[PDB]
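The data block below is work_2.csv; it holds CSV, N, CA, C and O atoms.
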chain,number,residue,atom,x,y,z
Z,1,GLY,N,-64.1,24.0,-38.3
Z,1,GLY,CA,-63.0,23.1,-37.8
Z,1,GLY,C,-61.9,23.0,-38.9
Z,1,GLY,O,-61.9,22.1,-39.7
Z,2,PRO,N,-61.0,24.0,-38.8
Z,2,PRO,CA,-59.9,24.0,-39.8
Z,2,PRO,C,-59.0,22.8,-39.7
Z,2,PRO,O,-58.7,22.3,-38.6
Z,3,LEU,N,-58.6,22.3,-40.9
Z,3,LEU,CA,-57.7,21.1,-40.9
Z,3,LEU,C,-56.3,21.5,-41.1
Z,3,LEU,O,-55.9,22.4,-41.9
Z,4,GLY,N,-55.4,20.8,-40.3
Z,4,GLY,CA,-54.0,21.1,-40.4
Z,4,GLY,C,-53.6,22.3,-39.5
Z,4,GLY,O,-52.4,22.5,-39.2
Z,5,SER,N,-54.6,23.0,-39.0
Z,5,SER,CA,-54.4,24.1,-38.1
Z,5,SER,C,-54.9,23.9,-36.7
Z,5,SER,O,-56.0,23.3,-36.5
Z,6,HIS,N,-54.2,24.3,-35.7
Z,6,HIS,CA,-54.6,24.1,-34.3
Z,6,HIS,C,-53.8,25.0,-33.4
Z,6,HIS,O,-54.1,25.2,-32.2
Z,7,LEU,N,-52.7,25.6,-34.0
Z,7,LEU,CA,-51.9,26.6,-33.2
Z,7,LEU,C,-52.8,27.6,-32.4
Z,7,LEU,O,-53.2,28.6,-33.0
Z,8,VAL,N,-53.0,27.3,-31.2
Z,8,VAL,CA,-53.8,28.2,-30.3
Z,8,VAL,C,-52.9,28.8,-29.3
Z,8,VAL,O,-53.1,30.0,-28.9
Z,9,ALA,N,-51.9,28.1,-28.8
Z,9,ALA,CA,-50.9,28.6,-27.8
Z,9,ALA,C,-51.7,28.9,-26.5
Z,9,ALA,O,-51.1,29.4,-25.6
Z,10,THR,N,-53.0,28.7,-26.5
Z,10,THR,CA,-53.8,29.0,-25.4
Z,10,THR,C,-53.2,30.0,-24.5
Z,10,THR,O,-53.4,31.2,-24.8
Z,11,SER,N,-52.5,29.6,-23.4
Z,11,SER,CA,-51.9,30.6,-22.5
Z,11,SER,C,-50.5,30.1,-22.1
Z,11,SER,O,-50.2,30.1,-20.9
Z,12,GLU,N,-49.7,29.8,-23.1
Z,12,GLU,CA,-48.3,29.4,-22.9
Z,12,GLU,C,-48.2,28.8,-21.5
Z,12,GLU,O,-48.1,29.5,-20.5
Z,13,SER,N,-48.1,27.5,-21.4
Z,13,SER,CA,-48.0,26.8,-20.2
Z,13,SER,C,-46.5,26.7,-19.7
Z,13,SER,O,-46.2,26.0,-18.8
Z,14,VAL,N,-45.6,27.3,-20.5
Z,14,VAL,CA,-44.2,27.3,-20.1
Z,14,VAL,C,-43.8,28.5,-19.3
Z,14,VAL,O,-42.8,29.2,-19.7
Z,15,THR,N,-44.5,28.8,-18.2
Z,15,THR,CA,-44.2,29.9,-17.4
Z,15,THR,C,-43.2,29.6,-16.3
Z,15,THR,O,-43.3,28.5,-15.7
Z,16,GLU,N,-42.2,30.5,-16.1
Z,16,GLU,CA,-41.2,30.3,-15.1
Z,16,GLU,C,-40.3,31.5,-15.0
Z,16,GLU,O,-39.8,31.9,-14.0
Z,17,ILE,N,-40.1,32.1,-16.2
Z,17,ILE,CA,-39.3,33.3,-16.3
Z,17,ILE,C,-39.0,34.0,-15.0
Z,17,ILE,O,-38.0,33.8,-14.4
Z,18,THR,N,-40.0,34.8,-14.6
Z,18,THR,CA,-39.9,35.5,-13.3
Z,18,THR,C,-38.6,35.2,-12.6
Z,18,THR,O,-38.3,34.1,-12.2
Z,19,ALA,N,-37.7,36.3,-12.6
Z,19,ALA,CA,-36.4,36.1,-12.0
Z,19,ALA,C,-35.6,35.1,-12.8
Z,19,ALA,O,-34.6,34.5,-12.2
Z,20,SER,N,-35.9,35.0,-14.1
Z,20,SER,CA,-35.2,34.1,-14.9
Z,20,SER,C,-35.2,32.7,-14.4
Z,20,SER,O,-34.4,31.8,-14.7
Z,21,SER,N,-36.3,32.4,-13.6
Z,21,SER,CA,-36.5,31.1,-13.0
Z,21,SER,C,-36.7,30.0,-14.1
Z,21,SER,O,-36.8,30.3,-15.3
Z,22,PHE,N,-36.9,28.8,-13.7
Z,22,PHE,CA,-37.2,27.7,-14.5
Z,22,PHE,C,-38.2,26.8,-13.8
Z,22,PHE,O,-38.1,26.5,-12.7
Z,23,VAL,N,-39.2,26.3,-14.6
Z,23,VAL,CA,-40.1,25.3,-14.0
Z,23,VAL,C,-39.9,24.0,-14.7
Z,23,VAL,O,-40.3,23.8,-15.8
Z,24,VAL,N,-39.2,23.1,-14.0
Z,24,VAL,CA,-38.9,21.8,-14.5
Z,24,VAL,C,-39.6,20.7,-13.8
Z,24,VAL,O,-39.6,20.7,-12.6
Z,25,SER,N,-40.2,19.8,-14.6
Z,25,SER,CA,-40.9,18.7,-14.0
Z,25,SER,C,-40.3,17.4,-14.5
Z,25,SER,O,-39.7,17.3,-15.6
Z,26,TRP,N,-40.4,16.3,-13.7
Z,26,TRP,CA,-39.9,15.0,-14.1
Z,26,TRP,C,-40.8,13.9,-13.6
Z,26,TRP,O,-41.9,14.1,-13.2
Z,27,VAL,N,-40.3,12.7,-13.8
Z,27,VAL,CA,-41.1,11.5,-13.4
Z,27,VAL,C,-40.3,10.7,-12.4
Z,27,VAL,O,-39.2,10.3,-12.6
Z,28,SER,N,-40.9,10.4,-11.2
Z,28,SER,CA,-40.3,9.6,-10.2
Z,28,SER,C,-39.7,8.4,-10.8
Z,28,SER,O,-40.5,7.6,-11.4
Z,29,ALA,N,-38.4,8.1,-10.6
Z,29,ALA,CA,-37.8,6.9,-11.1
Z,29,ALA,C,-37.9,5.8,-10.1
Z,29,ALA,O,-37.4,4.7,-10.3
Z,30,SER,N,-38.6,6.0,-9.0
Z,30,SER,CA,-38.8,5.0,-7.9
Z,30,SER,C,-39.8,5.5,-6.9
Z,30,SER,O,-39.7,6.7,-6.5
Z,31,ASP,N,-40.7,4.6,-6.5
Z,31,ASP,CA,-41.6,5.0,-5.4
Z,31,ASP,C,-41.0,4.8,-4.1
Z,31,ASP,O,-41.6,5.1,-3.0
Z,32,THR,N,-39.8,4.3,-4.0
Z,32,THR,CA,-39.1,4.1,-2.8
Z,32,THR,C,-38.3,5.4,-2.4
Z,32,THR,O,-37.7,5.4,-1.3
Z,33,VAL,N,-38.3,6.3,-3.3
Z,33,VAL,CA,-37.6,7.6,-3.0
Z,33,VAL,C,-38.2,8.3,-1.8
Z,33,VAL,O,-39.4,8.3,-1.5
Z,34,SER,N,-37.3,8.8,-1.0
Z,34,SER,CA,-37.7,9.5,0.3
Z,34,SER,C,-37.8,11.0,0.0
Z,34,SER,O,-38.4,11.7,0.8
Z,35,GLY,N,-37.3,11.4,-1.1
Z,35,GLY,CA,-37.4,12.8,-1.5
Z,35,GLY,C,-36.6,13.0,-2.8
Z,35,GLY,O,-36.0,12.1,-3.3
Z,36,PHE,N,-36.6,14.3,-3.2
Z,36,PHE,CA,-35.8,14.6,-4.4
Z,36,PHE,C,-34.9,15.8,-4.2
Z,36,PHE,O,-35.1,16.6,-3.3
Z,37,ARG,N,-33.8,15.8,-5.0
Z,37,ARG,CA,-32.9,16.9,-4.9
Z,37,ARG,C,-32.6,17.5,-6.3
Z,37,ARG,O,-32.3,16.8,-7.2
Z,38,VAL,N,-32.8,18.8,-6.4
Z,38,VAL,CA,-32.6,19.4,-7.7
Z,38,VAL,C,-31.3,20.3,-7.7
Z,38,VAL,O,-31.0,21.0,-6.7
Z,39,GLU,N,-30.5,20.2,-8.7
Z,39,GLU,CA,-29.3,20.9,-8.8
Z,39,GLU,C,-29.2,21.7,-10.1
Z,39,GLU,O,-29.4,21.2,-11.2
Z,40,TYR,N,-28.9,23.0,-9.9
Z,40,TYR,CA,-28.8,23.9,-11.1
Z,40,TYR,C,-27.6,24.8,-10.9
Z,40,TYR,O,-27.4,25.4,-9.9
Z,41,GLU,N,-26.8,24.9,-12.0
Z,41,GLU,CA,-25.6,25.7,-12.0
Z,41,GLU,C,-25.4,26.3,-13.3
Z,41,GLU,O,-25.9,25.9,-14.3
Z,42,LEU,N,-24.5,27.4,-13.4
Z,42,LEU,CA,-24.3,28.0,-14.7
Z,42,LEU,C,-23.3,27.2,-15.5
Z,42,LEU,O,-22.3,26.8,-15.1
Z,43,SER,N,-23.8,26.9,-16.8
Z,43,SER,CA,-23.0,26.1,-17.7
Z,43,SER,C,-21.8,26.9,-18.2
Z,43,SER,O,-20.8,26.4,-18.7
Z,44,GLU,N,-21.9,28.2,-18.1
Z,44,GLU,CA,-20.9,29.1,-18.6
Z,44,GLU,C,-19.8,29.4,-17.5
Z,44,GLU,O,-18.7,28.9,-17.5
Z,45,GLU,N,-20.3,30.2,-16.5
Z,45,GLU,CA,-19.4,30.6,-15.4
Z,45,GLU,C,-18.9,29.3,-14.7
Z,45,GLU,O,-17.7,29.3,-14.2
Z,46,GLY,N,-19.7,28.3,-14.6
Z,46,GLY,CA,-19.3,27.1,-13.9
Z,46,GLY,C,-19.4,27.3,-12.4
Z,46,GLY,O,-18.7,26.6,-11.6
Z,47,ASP,N,-20.1,28.3,-12.0
Z,47,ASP,CA,-20.3,28.6,-10.5
Z,47,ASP,C,-20.6,27.4,-9.7
Z,47,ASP,O,-21.0,26.4,-10.3
Z,48,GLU,N,-20.5,27.5,-8.4
Z,48,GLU,CA,-20.9,26.4,-7.6
Z,48,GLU,C,-22.3,26.0,-7.7
Z,48,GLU,O,-23.2,26.9,-7.9
Z,49,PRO,N,-22.6,24.8,-7.6
Z,49,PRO,CA,-24.0,24.3,-7.8
Z,49,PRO,C,-24.9,24.5,-6.5
Z,49,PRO,O,-24.4,24.6,-5.4
Z,50,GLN,N,-26.2,24.7,-6.8
Z,50,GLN,CA,-27.1,24.9,-5.7
Z,50,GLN,C,-28.0,23.7,-5.6
Z,50,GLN,O,-28.4,23.0,-6.6
Z,51,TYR,N,-28.5,23.3,-4.4
Z,51,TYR,CA,-29.3,22.1,-4.2
Z,51,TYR,C,-30.6,22.5,-3.5
Z,51,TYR,O,-30.7,23.2,-2.5
Z,52,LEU,N,-31.7,21.9,-4.1
Z,52,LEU,CA,-33.0,22.1,-3.5
Z,52,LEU,C,-33.7,20.7,-3.2
Z,52,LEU,O,-33.5,19.8,-4.0
Z,53,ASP,N,-34.3,20.6,-2.0
Z,53,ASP,CA,-34.8,19.3,-1.7
Z,53,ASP,C,-36.4,19.3,-1.7
Z,53,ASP,O,-37.0,20.2,-1.2
Z,54,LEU,N,-36.9,18.2,-2.3
Z,54,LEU,CA,-38.4,18.1,-2.3
Z,54,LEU,C,-38.8,16.8,-1.9
Z,54,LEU,O,-38.1,15.8,-1.9
Z,55,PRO,N,-40.0,16.6,-1.4
Z,55,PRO,CA,-40.6,15.3,-0.9
Z,55,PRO,C,-40.7,14.3,-2.0
Z,55,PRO,O,-40.8,14.6,-3.1
Z,56,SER,N,-40.7,13.0,-1.6
Z,56,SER,CA,-40.9,11.9,-2.5
Z,56,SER,C,-42.1,12.1,-3.3
Z,56,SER,O,-42.3,11.4,-4.4
Z,57,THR,N,-43.1,12.9,-2.9
Z,57,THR,CA,-44.3,13.1,-3.6
Z,57,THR,C,-44.2,14.2,-4.6
Z,57,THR,O,-45.1,14.5,-5.4
Z,58,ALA,N,-43.1,14.9,-4.5
Z,58,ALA,CA,-42.9,16.1,-5.4
Z,58,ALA,C,-42.3,15.6,-6.8
Z,58,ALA,O,-41.4,14.7,-6.8
Z,59,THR,N,-42.8,16.1,-7.8
Z,59,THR,CA,-42.4,15.8,-9.2
Z,59,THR,C,-42.1,17.0,-10.0
Z,59,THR,O,-42.0,16.9,-11.3
Z,60,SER,N,-42.1,18.2,-9.4
Z,60,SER,CA,-41.8,19.4,-10.2
Z,60,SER,C,-41.5,20.5,-9.3
Z,60,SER,O,-42.0,20.6,-8.1
Z,61,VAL,N,-40.6,21.4,-9.7
Z,61,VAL,CA,-40.2,22.6,-8.9
Z,61,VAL,C,-39.7,23.7,-9.7
Z,61,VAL,O,-39.2,23.6,-10.8
Z,62,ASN,N,-39.9,24.9,-9.2
Z,62,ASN,CA,-39.5,26.2,-9.8
Z,62,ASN,C,-38.2,26.7,-9.2
Z,62,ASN,O,-38.1,26.8,-8.0
Z,63,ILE,N,-37.2,27.0,-10.0
Z,63,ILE,CA,-35.9,27.5,-9.5
Z,63,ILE,C,-35.8,29.0,-9.7
Z,63,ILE,O,-35.6,29.5,-10.8
Z,64,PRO,N,-35.9,29.7,-8.6
Z,64,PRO,CA,-35.9,31.2,-8.6
Z,64,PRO,C,-34.5,31.7,-8.4
Z,64,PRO,O,-33.5,31.0,-8.2
Z,65,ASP,N,-34.3,33.0,-8.4
Z,65,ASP,CA,-33.1,33.7,-8.2
Z,65,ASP,C,-32.0,33.4,-9.2
Z,65,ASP,O,-30.9,33.3,-8.9
Z,66,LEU,N,-32.5,33.2,-10.5
Z,66,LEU,CA,-31.6,32.8,-11.5
Z,66,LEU,C,-31.1,34.1,-12.3
Z,66,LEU,O,-31.8,35.1,-12.3
Z,67,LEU,N,-29.9,34.0,-12.8
Z,67,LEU,CA,-29.4,35.2,-13.5
Z,67,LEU,C,-29.8,35.1,-15.0
Z,67,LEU,O,-29.3,34.3,-15.8
Z,68,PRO,N,-30.6,36.0,-15.5
Z,68,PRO,CA,-31.0,36.1,-16.9
Z,68,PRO,C,-29.9,36.2,-17.8
Z,68,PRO,O,-28.9,36.9,-17.5
Z,69,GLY,N,-29.9,35.6,-19.0
Z,69,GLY,CA,-28.9,35.7,-20.0
Z,69,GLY,C,-27.8,34.7,-19.7
Z,69,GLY,O,-26.7,34.7,-20.3
Z,70,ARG,N,-28.0,33.8,-18.8
Z,70,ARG,CA,-27.0,32.8,-18.4
Z,70,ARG,C,-27.6,31.4,-18.6
Z,70,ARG,O,-28.8,31.2,-18.4
Z,71,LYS,N,-26.8,30.4,-19.0
Z,71,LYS,CA,-27.2,29.1,-19.2
Z,71,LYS,C,-27.0,28.2,-18.0
Z,71,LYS,O,-25.9,28.3,-17.4
Z,72,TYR,N,-28.0,27.5,-17.6
Z,72,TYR,CA,-27.9,26.6,-16.4
Z,72,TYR,C,-28.1,25.1,-16.8
Z,72,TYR,O,-28.8,24.8,-17.7
Z,73,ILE,N,-27.4,24.3,-16.0
Z,73,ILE,CA,-27.6,22.8,-16.2
Z,73,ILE,C,-28.4,22.3,-15.0
Z,73,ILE,O,-28.0,22.5,-13.8
Z,74,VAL,N,-29.5,21.7,-15.3
Z,74,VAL,CA,-30.3,21.2,-14.2
Z,74,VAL,C,-30.4,19.7,-14.2
Z,74,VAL,O,-30.6,19.0,-15.3
Z,75,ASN,N,-30.2,19.1,-13.1
Z,75,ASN,CA,-30.2,17.6,-12.9
Z,75,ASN,C,-31.0,17.3,-11.7
Z,75,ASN,O,-30.9,17.8,-10.6
Z,76,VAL,N,-31.9,16.3,-11.9
Z,76,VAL,CA,-32.8,15.9,-10.8
Z,76,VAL,C,-32.4,14.5,-10.3
Z,76,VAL,O,-32.1,13.6,-11.0
Z,77,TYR,N,-32.2,14.4,-9.0
Z,77,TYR,CA,-31.8,13.2,-8.3
Z,77,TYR,C,-32.9,12.8,-7.3
Z,77,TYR,O,-33.4,13.6,-6.5
Z,78,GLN,N,-33.2,11.5,-7.3
Z,78,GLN,CA,-34.2,11.0,-6.3
Z,78,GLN,C,-33.4,10.3,-5.2
Z,78,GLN,O,-32.4,9.6,-5.4
Z,79,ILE,N,-33.9,10.6,-3.9
Z,79,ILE,CA,-33.2,10.1,-2.8
Z,79,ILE,C,-33.9,8.9,-2.2
Z,79,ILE,O,-35.1,8.9,-1.9
Z,80,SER,N,-33.2,7.8,-2.1
Z,80,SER,CA,-33.8,6.6,-1.6
Z,80,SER,C,-33.7,6.6,-0.1
Z,80,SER,O,-33.1,7.4,0.5
Z,81,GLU,N,-34.4,5.6,0.5
Z,81,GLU,CA,-34.5,5.5,2.0
Z,81,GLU,C,-33.1,5.4,2.6
Z,81,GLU,O,-32.9,5.6,3.8
Z,82,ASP,N,-32.1,5.0,1.8
Z,82,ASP,CA,-30.8,4.8,2.3
Z,82,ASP,C,-29.9,6.1,2.1
Z,82,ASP,O,-28.7,6.1,2.4
Z,83,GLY,N,-30.5,7.1,1.5
Z,83,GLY,CA,-29.8,8.3,1.2
Z,83,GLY,C,-29.1,8.3,-0.2
Z,83,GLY,O,-28.2,9.1,-0.4
Z,84,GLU,N,-29.4,7.3,-1.0
Z,84,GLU,CA,-28.8,7.1,-2.3
Z,84,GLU,C,-29.4,8.1,-3.3
Z,84,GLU,O,-30.7,8.2,-3.3
Z,85,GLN,N,-28.6,8.6,-4.2
Z,85,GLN,CA,-29.1,9.5,-5.2
Z,85,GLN,C,-28.9,8.9,-6.6
Z,85,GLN,O,-27.9,8.3,-6.9
Z,86,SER,N,-29.9,9.1,-7.5
Z,86,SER,CA,-29.8,8.5,-8.8
Z,86,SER,C,-30.3,9.6,-9.8
Z,86,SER,O,-31.4,10.2,-9.6
Z,87,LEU,N,-29.6,9.8,-10.9
Z,87,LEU,CA,-30.0,10.8,-11.9
Z,87,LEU,C,-31.1,10.3,-12.7
Z,87,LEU,O,-31.0,9.2,-13.4
Z,88,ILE,N,-32.3,11.0,-12.6
Z,88,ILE,CA,-33.5,10.5,-13.3
Z,88,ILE,C,-33.8,11.5,-14.5
Z,88,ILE,O,-34.5,11.2,-15.4
Z,89,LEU,N,-33.2,12.7,-14.4
Z,89,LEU,CA,-33.5,13.7,-15.4
Z,89,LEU,C,-32.3,14.8,-15.5
Z,89,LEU,O,-32.1,15.4,-14.5
Z,90,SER,N,-31.8,14.9,-16.6
Z,90,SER,CA,-30.7,15.9,-16.8
Z,90,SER,C,-31.0,16.8,-18.0
Z,90,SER,O,-31.1,16.3,-19.2
Z,91,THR,N,-31.1,18.1,-17.9
Z,91,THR,CA,-31.3,19.0,-19.0
Z,91,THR,C,-30.8,20.4,-18.7
Z,91,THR,O,-30.7,20.8,-17.5
Z,92,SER,N,-30.5,21.1,-19.7
Z,92,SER,CA,-30.0,22.5,-19.6
Z,92,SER,C,-31.0,23.5,-20.1
Z,92,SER,O,-31.8,23.2,-20.9
Z,93,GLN,N,-30.9,24.7,-19.6
Z,93,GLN,CA,-31.8,25.8,-20.0
Z,93,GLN,C,-31.1,27.1,-20.0
Z,93,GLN,O,-30.1,27.3,-19.4
Z,94,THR,N,-31.7,28.0,-20.8
Z,94,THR,CA,-31.1,29.3,-21.0
Z,94,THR,C,-32.2,30.4,-20.5
Z,94,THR,O,-33.2,30.6,-21.2
Z,95,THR,N,-31.9,31.0,-19.4
Z,95,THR,CA,-32.8,31.9,-18.8
Z,95,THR,C,-33.2,33.0,-19.9
Z,95,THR,O,-32.7,34.1,-19.8
Translate the structure of the given file into structure tokens.
Amino acid sequence: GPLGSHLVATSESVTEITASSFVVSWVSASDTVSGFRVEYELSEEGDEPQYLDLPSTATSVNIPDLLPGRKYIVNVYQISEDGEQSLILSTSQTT
């Protein structure tokens, strides 16, 4: 039982690459949410944003068809029963 040492990396749980994708997870900011909407766009090119919809029970999604070597801005919004969206998680990533 080595002390100060633990670096095992087991099996890198940060998988998503494939197609330069991203696997982003968040925490529901409300149980009244009717679903979730994920938005990802290039921070460089500034291309048009893409939107993905997930059920209120969804708390994680993989974004495929991403361009490797490009930086994306990802923002998660939860949809309320009234169709209202609220930013619960905002982060950027580099494929």
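If you measure from each of Z:80, Z:62, Z:45, Z:32 to residue 14 in chain Z using only C-alpha atoms, the closest one turns out to be Z:62.
Neighbours of residue 27 in chain Z closer than or equal to 8 Å, with only C-alpha atoms counted and sequence neighbours fewer than 2 positions away skipped, come out as residues 25, 29, 59 and 88 of chain Z.
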May I have the selected residues written with N, CA, C and O atoms, as an mmCIF file, keeping the file's coordinate frame?
data_model
loop_
_atom_site.group_PDB
_atom_site.id
_atom_site.type_symbol
_atom_site.label_atom_id
_atom_site.label_comp_id
_atom_site.auth_asym_id
_atom_site.auth_seq_id
_atom_site.Cartn_x
_atom_site.Cartn_y
_atom_site.Cartn_z
ATOM 1 N N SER Z 25 -40.200 19.800 -14.600
ATOM 2 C CA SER Z 25 -40.900 18.700 -14.000
ATOM 3 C C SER Z 25 -40.300 17.400 -14.500
ATOM 4 O O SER Z 25 -39.700 17.300 -15.600
ATOM 5 N N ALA Z 29 -38.400 8.100 -10.600
ATOM 6 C CA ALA Z 29 -37.800 6.900 -11.100
ATOM 7 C C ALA Z 29 -37.900 5.800 -10.100
ATOM 8 O O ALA Z 29 -37.400 4.700 -10.300
ATOM 9 N N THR Z 59 -42.800 16.100 -7.800
ATOM 10 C CA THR Z 59 -42.400 15.800 -9.200
ATOM 11 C C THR Z 59 -42.100 17.000 -10.000
ATOM 12 O O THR Z 59 -42.000 16.900 -11.300
ATOM 13 N N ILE Z 88 -32.300 11.000 -12.600
ATOM 14 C CA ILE Z 88 -33.500 10.500 -13.300
ATOM 15 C C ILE Z 88 -33.800 11.500 -14.500
ATOM 16 O O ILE Z 88 -34.500 11.200 -15.400
#
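By chain and then residue number, the residues within 5 Å of residue 42 in chain Z are residues 40, 44, 45, 46, 47, 71, 72 and 73 of chain Z, counting all atoms listed in the file and disregarding those fewer than 2 positions away in sequence.
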Could you check how far atom N of residue 28 in chain Z sits from CA of residue 56 in chain Z, in Å to one decimal?
-> 8.8 Å
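The interatomic distance for the pair atom O of residue 66 in chain Z and CA of residue 92 in chain Z works out to 14.7 Å.
Reported to one decimal place, the separation of CA of residue 68 in chain Z from CA of residue 24 in chain Z is 16.5 Å.
Nearest-residue note for residue 15 in chain Z: choosing from Z:95, Z:39, Z:82, Z:77, the minimum distance belongs to Z:95, counting only C-alpha atoms.
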Could you check which of Z:5, Z:78, Z:20, Z:57 is closest to residue 37 in chain Z, using all atoms listed in the file?
-> Z:78
DSSP strand (DSSP E or B) selection over chain Z, as number ranges by chain | Z: 22-25, 33-42, 50-55, 60-63, 71-80, 85-94
Using only N, CA, C and O atoms, which of Z:48, Z:65, Z:31, Z:41 sits nearest residue 19 in chain Z?
-> Z:65
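Closest to residue 81 in chain Z among Z:67, Z:17, Z:58, Z:33 is Z:33, based on all atoms listed in the file.
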If we count only N, CA, C and O atoms, what is near residue 38 in chain Z at a cut-off of 4.5 Å, once residues fewer than 4 positions away on the same chain are taken out, given as a PyMOL selection string?
-> chain Z and resi 50-52+75
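Excluding residue 79 in chain Z and any residue on its chain fewer than 3 positions from it, the residues at most 7 Å away by only C-alpha atoms are residues 33, 34, 35, 36, 83, 84 and 85 of chain Z.
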